[PDB]
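K.L.:
Sharing an experimental structure here, sequence included.
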Amino acid sequence: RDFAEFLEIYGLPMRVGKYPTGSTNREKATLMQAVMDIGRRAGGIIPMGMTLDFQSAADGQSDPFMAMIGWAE
Amino acid sequence: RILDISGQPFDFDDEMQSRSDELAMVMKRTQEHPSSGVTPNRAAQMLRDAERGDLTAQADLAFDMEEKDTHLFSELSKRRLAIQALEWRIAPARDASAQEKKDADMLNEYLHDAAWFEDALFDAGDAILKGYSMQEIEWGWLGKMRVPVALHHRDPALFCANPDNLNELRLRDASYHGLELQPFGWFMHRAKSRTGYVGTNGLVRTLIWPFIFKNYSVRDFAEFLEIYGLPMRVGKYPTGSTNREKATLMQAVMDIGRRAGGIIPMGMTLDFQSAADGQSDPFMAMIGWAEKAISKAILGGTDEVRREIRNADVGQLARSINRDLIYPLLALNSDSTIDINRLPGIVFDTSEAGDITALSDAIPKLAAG
Amino acid sequence: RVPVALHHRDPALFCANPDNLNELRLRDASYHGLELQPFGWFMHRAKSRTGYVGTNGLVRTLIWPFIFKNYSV
Amino acid sequence: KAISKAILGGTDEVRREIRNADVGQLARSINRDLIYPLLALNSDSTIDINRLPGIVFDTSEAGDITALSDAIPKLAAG
Amino acid sequence: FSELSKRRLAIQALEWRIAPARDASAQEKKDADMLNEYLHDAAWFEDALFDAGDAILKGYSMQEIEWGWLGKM
């Protein structure tokens, strides 16, 4: 079950967006929608004040889970 | 009045129980698909409900699994073709009389001459995955003999177990107690893979989890493959850019492919960031583990065990046939009471094929004595 | 009386009777299709899986691997 | 490999079983659809329902003539 | 479950026969063979044996008995 949970959140880094403190409430909504619209071969234009980065939320291999499963079996 | 196998007299009606006008409403059903968005809590709730006597959601889930999963369908088809390939013959009881032998051979000839027998056996094989298999009986006349014209398969979702007494199926009629099965009008075959009450002896209980894991892993793998090996293209523009200038940059970013060129001003920047990374090893490892688990569950190995499985389920099917189809034919055809302990049965050709090369050793034994 | 020849027909021109499944009918833009003319058709069905007609074919299990393979390639 | 497993059963005995099953189904379909109408139209009298001919396919494994030489001792013994 | 099913199918595949005690009399042999014939003629024996195999995983197996009459027996 832990292996399945790890596989669920694997190989898809989280997309974050940084906005200046002077941004309007509506401007945050547009950025949030734009972050949610990333897939396949995606483009996009970002202002100089804003930044976009990808951070992986899970890393590792399947060797230990499979080793334990095989030992138990 | 026709005497039941248990010895309780009853009245025989040729019309089907499902042909009643009041029962016609429940016969038409919409086959829901509970395999869309499966959740472990949802599966546990479905199994718990099926334990108490629901038997509907579990049946629909099993139907969805037998078509959505390729490996499970392949293994079930292999098992059903293995059981179907055997040969059968009707034999009477030991120390049978001449009349008993005549009845046995006439029934045997009729059943080889009956076309619906093969379809009935194939449909009765559905109790390997589902906990039960229910088929109608359409009685008719053939030379003043009461024989079934044809047998019609029925949806397993239309039956519920009696809460007062489990292990007994009943026809659902939107009531606390379902309608009792009409005697001499049904062919009920159940495969007891695991001991316990009906609705828990099927292969769904153990095969629900590997199916979920394998399907979720493969769908996540496909989604990851969709957004793989193509980094996102971004463009940075100065805060003083015109509205039209942003549109041109956005169009230029969208026009990148093959061996692309382009000129960019000093104030603008262009970069590539990968939106997905990793390998396919863990997804394939999980998929392989689930597939071999399913194969072990269905076939027993990933052979002798296959032979034992065939012998067991063939014996169960033979017992079901003897209890459901053999007795009513003799009871309806014969005017006198049918002896309970002296009726013919069905025996399948469950014998290993000999090797003619190694049986040449019998000649010295025959010479010796 | 012998058949001169047999002509294959498009499977898309037939519909199952809603009142009674497992029975095919010729589509005629009506709630109930025309019943098959006796001694005029040759209907062969392969029951790979038990159930009603139109669900016993190999399409039901082969639809998904085809989609995955084609999209991947 | 999933498609191959679905269609053929393996990626042989299983192929033989598949052939036997679908050949039997096709034979039943032929007997129900084509054999009966020919006799019904050609013959003036009513056609017996339980006494009509059928079609049987040659579903028999080919024997090995080398290993059947063992029948001679059995024939001699009786 | 697979291992338990394999073990239960292995134990179930054996063949059984009722035999009397050593140096048995004619009446003892007759009783033994009549019981043997009855138990092969009894349908519930196979189900009883299969249910008694549940004591491999569980510590015990309990089954009811419904007594009846068959030819004043």
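P.N.:
Noted; the coordinates are in hand. Numbers count the residues shown, from 1 in each chain, chains lettered A, B, ... in the order given.
K.L.:
Chain neighbours aside, what residue packs nearest to residue A:34?
P.N.:
The shortest distance from residue A:34 to any non-neighbouring residue, by Cβ to Cβ, 6 or more residues apart in numbering or on different chains, is to residue A:44 (6.7 Å). The C-beta positions use only the backbone N, C-alpha and C, and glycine is treated the same way.
K.L.:
What sits closest to the residue of chain A found nearest chain B if chain neighbours are left out?
P.N.:
With Cβ to the nearest Cβ, the shortest gap between chain A and chain B falls at residue A:11, namely 3.3 Å. With Cβ to Cβ, 6+ apart as the criterion, residue A:11 has its nearest non-adjacent residue at 3.3 Å, and that residue is residue B:278.
K.L.:
Show the contacting residues for the one you found.
P.N.:
By Cβ atoms under 8 Å, 6 or more residues apart in numbering or on different chains, residue B:278 lies in contact with A:10-11, B:224.
K.L.:
Is it part of a helix or strand, or is it coil?
P.N.:
coil (DSSP: H, G, I helix; E, B strand; the rest coil).
K.L.:
thinking again about what came up before, gap between the residue of chain A closest to chain B and chain E?
P.N.:
32 Å (Cβ to the nearest Cβ, to the nearest Å).
K.L.:
Quick check: the residue positioned nearest the centre of chain A vs chain C, distance?
P.N.:
Closest residue to the average C-alpha location of chain A: residue A:14 at 1.3 Å, with Cα atoms, centre = their mean. Separation of residue A:14 from chain C (Cβ to the nearest Cβ): 25 Å.
K.L.:
what bridges to that residue?
P.N.:
On the basis of DSSP bridges, residue A:14 is bridged to residue A:55.
K.L.:
where does residue A:38 fall, phi/psi-wise?
P.N.:
Dihedral pair for residue A:38: phi -110, psi 120, per degrees, to the nearest 10.
K.L.:
Need the phi and psi values for residue A:48.
P.N.:
phi -60, psi -30.
K.L.:
Quick check: the residue of chain A nearest chain E.
P.N.:
Nearest residue of chain A to chain E: residue A:73, at 9.6 Å (Cβ to the nearest Cβ).
K.L.:
still on that earlier bit, quick check, nearest of the contacts of residue B:278 to chain D?
P.N.:
Using Cβ to the nearest Cβ, those come closest to chain D at residue B:224, 18.4 Å.
K.L.:
so the closest one makes contact with residue B:279?
P.N.:
No. Using Cβ atoms under 8 Å, residue B:224 is not in contact with residue B:279, being 10.0 Å away.
K.L.:
got the end-to-end distance for stretch A:20-27?
P.N.:
Stretch A:20-27 stretches 10 Å from its first residue to its last (Cα to Cα, to the nearest Å).
K.L.:
same deal with stretch A:7-16?
P.N.:
Per Cα to Cα, stretch A:7-16 runs 21 Å from first to last residue.
K.L.:
cool, and stretch A:15-34?
P.N.:
10 Å.
K.L.:
How far off centre is it?
P.N.:
Relative to its chain's centre, stretch A:15-34 lies at 17 Å (Cα atoms, centre = their mean, to the nearest Å).
K.L.:
Sounds good, over and out.
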